[PDB]
Every structure is written in structure tokens, then in C-alpha cells.
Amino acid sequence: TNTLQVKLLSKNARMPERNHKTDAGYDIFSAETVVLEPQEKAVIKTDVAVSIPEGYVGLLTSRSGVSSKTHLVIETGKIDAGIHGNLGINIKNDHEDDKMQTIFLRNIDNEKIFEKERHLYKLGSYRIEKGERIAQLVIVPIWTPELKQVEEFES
């Protein structure tokens, strides 16, 4: 009634946390380092499993800060009571492929990351780190009626 079952699949997974008694969602962390070049799609593994009860739906959705600063687009996933296992972040680096090159990757804050080893990246590329806040989980009550076909509507 007042508890949610959470399972960690690997050592690299972090426990989802509710920062404040007013923060409606739960912070979801990445369990792998992914380099996403322009227009690239990926399903980023969190290595976290949830057992949501019946009559409820989970919303694995993007953070307001990351989505506004970066070209990283997270398609909101619907977490049912039936689907157990590794939760994937449905993501796409929506930055355009302009065929231009740069020597800097960008973090989830759109800031240039200065690495010691010099490499050539395609412009607009992003990098996501381990245990990094990229998405959040939102559980909302869901209404299930048994639908019947009608020729016309009434009240």
C-alpha cells in the first residue's frame, strides 16, 4: 500500500531516490557510459527493476534541466505491472548532423568536457556517465474499464 519493490540488477545500478517530501518523481540514474553522436538512438540500461502494482502506470520521463539544455530527447516509457526487468531509457540525440567536427564532447549540462587525451568527435555529440541523473520515474493511477462497442454514444 505504501511500498514499492525495487531490484538492482548489477553493481553499476543506483537506487532511485525521492529527494524531498514534495518531489513528485524518483530520480533515475544511468548504469552505463554512452556516447551519442547526432541523430543516434539508444536504449540506455539502468539495471533497475520495478514491480508496480495493478491499477497504476509508471512514467519513465526526461528531466526538465537536461531536456532543456541538451539535444537529448527521452521518449516517455509506460511501465506496466506486467513488465518486470531492466528499465531502458528510450533516447535520441536530436542534434542535426551537419558533418562538422569538434574536439569536445558535451555533458548532460551542455557544457564542454575537457579531456586529457585529444580526440575528434562529430559536432553535437553527447556523453552520459555512470550514476548520472538523466530521467525520472512518475507513478500515476490508471483507470481500466471493460470496453463495449456501441453504434452511438449515450450520456
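Quick note: we count residues from 1 along the sequence shown, nothing fancier.
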{"query": "Residue with highest C-alpha B-factor in the PDB entry, from 116, 95, 69, 41", "finding": "116"}
{"query": "Residue 140 - which third its CA temperature factor falls in, relative to the rest of the chain", "finding": "middle"}
{"query": "Chain-wide C-alpha B factor ranking for residue 34, given as lowest, middle or highest third", "finding": "lowest"}
{"query": "Chain-wide C-alpha B factor ranking for residue 128, given as lowest, middle or highest third", "finding": "middle"}
{"query": "Chain-relative CA temperature factor third for residue 90", "finding": "lowest"}
{"query": "Modelled-residue ranking by C-alpha temperature factor, third containing residue 108", "finding": "lowest"}
